[PDB]
Structures are given as C-alpha cells and as structure tokens.
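Structure first, commentary second.
Bear in mind these aren't lab numbers, they're just calculated from the coordinates by the rules spelled out. Don't worry about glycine lacking a Cβ; one is built from the backbone with ideal geometry, like all the others, and counts go over all protein chains shown.
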Amino acid sequence: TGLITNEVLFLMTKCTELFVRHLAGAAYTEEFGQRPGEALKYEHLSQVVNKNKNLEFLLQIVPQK
Amino acid sequence: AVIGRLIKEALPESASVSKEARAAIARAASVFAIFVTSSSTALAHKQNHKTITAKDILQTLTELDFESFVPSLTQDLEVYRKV
C-alpha cells in the first residue's frame, strides 16, 4: 500500500460532506417529498438506508429500531 | 458538529433534524469514508496503481452508485489543483 496524498485527503473530505448532504436530503425527500419545515427523525434515515440499494453498506450502522 | 449545518443545508426551509437523526447521519458519513477508502484501495489495486489517486476515488464513487458526486468533485479537483 502506498501513501495517502493531499489531493486524496481533500477529495475524501469533499465527497463525505456531499454524502452527509445526500443521506440527509434523500431521507427527508423520501419521507416528506418537497414539503418544507418537517422534522427529520431516525426512522427516516433507517427507512432510506433500507430502501436505496447504494446505501446497503449502512444497514448495520443505521438499523431499524 | 459541522454536520449540523451540512444537514440543514441539504434540507428545505424550516426543516429540523432530531439529535438521533443527526447522530445517525454522522455515523453514516463515517462508515462512508471508511468504505470509500477501502473500495478505492481495491480499485486502485485492480488498476495497478500503488497509490490511491483522485481518479481511483471518483471511479469508486461512481462504481458505488454515487455518480452524482463526481461532477462537483471534479469541478473541485480542477479548482483545487490550480491553487
């Protein structure tokens, strides 16, 4: 395994924050569509994580209570 | 954390996120980084590279079904390299 470049520390930081926006948004949008001012709860996050296939790696991290 | 704003930035006007939702999103983002790192290693490994590159991560992203991400990260890399 080689080292880890700055360009990578950068890219990694940059896409993780895009994913925070993605998971949040996706979770809300799948619950309240576009309706504004709604309250996002844990159920909504475990709901999209159980739905979206690209989120299956989070099935054990965000399980359904 | 800074995740509080990233969140309320991704959400519509007047939306709120419970402390559990945010916590969950935080853990989720953490597993994401580890997972993308891990996968980028494998792709960088199958792509011969000894070192993970900006294109090994962008390829993993898209190969991991987050192709939406790519265009901005590329726009960012391009601007990042000049500075």
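Go through the stretch A:22-40 and give me each residue that's among the charged types (D, E, K, R) and either in contact with a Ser or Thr (Cβ under 9 Å, 6 or more places away or on another chain) or crowded, with 17+ Cβ neighbours inside 10 Å (or both). Show your work before the answer.
Pass one, the stretch A:22-40, residues among the charged types (D, E, K, R): A:30-31, A:35, A:38.
Result: A:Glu31, A:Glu38.
Which ones in the stretch A:6-33 are more than 16 Å from B:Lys8 (Cβ to Cβ) and facing chain B (nearest Cβ under 7 Å)?
A:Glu7, A:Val8, A:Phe10, A:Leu11, A:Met12, A:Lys14, A:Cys15, A:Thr16 - these are the residues of the stretch A:6-33 that are more than 16 Å from B:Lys8 (Cβ to Cβ) and facing chain B (nearest Cβ under 7 Å).
Would you confirm, using the coordinates I've provided, whether B:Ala44 is touching a strand residue (DSSP E or B) at 6+ places or on another chain (Cβ under 8 Å) and either of a type outside the set (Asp, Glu) or touching a residue at least 24 places away in the same chain (Cβ under 8 Å) (or both)?
no
Please tell me if A:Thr1 is farther than 21 Å from B:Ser38 by Cα and either out of contact with any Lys or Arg (no Cβ under 8 Å at 6 or more places or on another chain) or surrounded by fewer than 12 Cβ atoms within 10 Å (Cβ to Cβ) (or both).
no
Under 19 Å from B:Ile34 (Cβ atoms), surrounded by 12 or more Cβ atoms within 10 Å (Cβ to Cβ) and more than 7 Å from chain B (Cβ to nearest Cβ): is that true of A:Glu43 in this structure?
Criteria not met by A:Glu43.
So, in the stretch B:28-82, of the ones that are closer than 24 Å to A:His44 by Cβ and of a type in the set (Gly, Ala, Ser), which residue ends up surrounded by the fewest Cβ atoms within 10 Å (Cβ to Cβ)?
Ranking the candidates gives B:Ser68 first.
Return yes when B:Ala15 is hydrophobic (A, V, I, L, M, F, W, C), surrounded by 13 or more Cβ atoms within 10 Å (Cβ to Cβ) and over 19 Å from A:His22 (Cβ atoms) and no when it is not.
Judged against the criteria, B:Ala15 is not a match.
Please give the number of the condition A:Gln34 fails out of (1) within 12 Å of the chain's Cα centre (by Cα); (2) in a loop (DSSP other than H, G, I, E, B).
Evaluating A:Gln34 over (1) within 12 Å of the chain's Cα centre (by Cα); (2) in a loop (DSSP other than H, G, I, E, B) leaves (1) as the failure.
Quick check on my filter: what residues within the stretch B:41-79 are among the hydroxyl-bearing types (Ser, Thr, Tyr), within 8 Å of chain A (Cβ to nearest Cβ) and within 16 Å of the chain's Cα centre (by Cα)?
B:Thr41, B:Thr53, B:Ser68, B:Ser72
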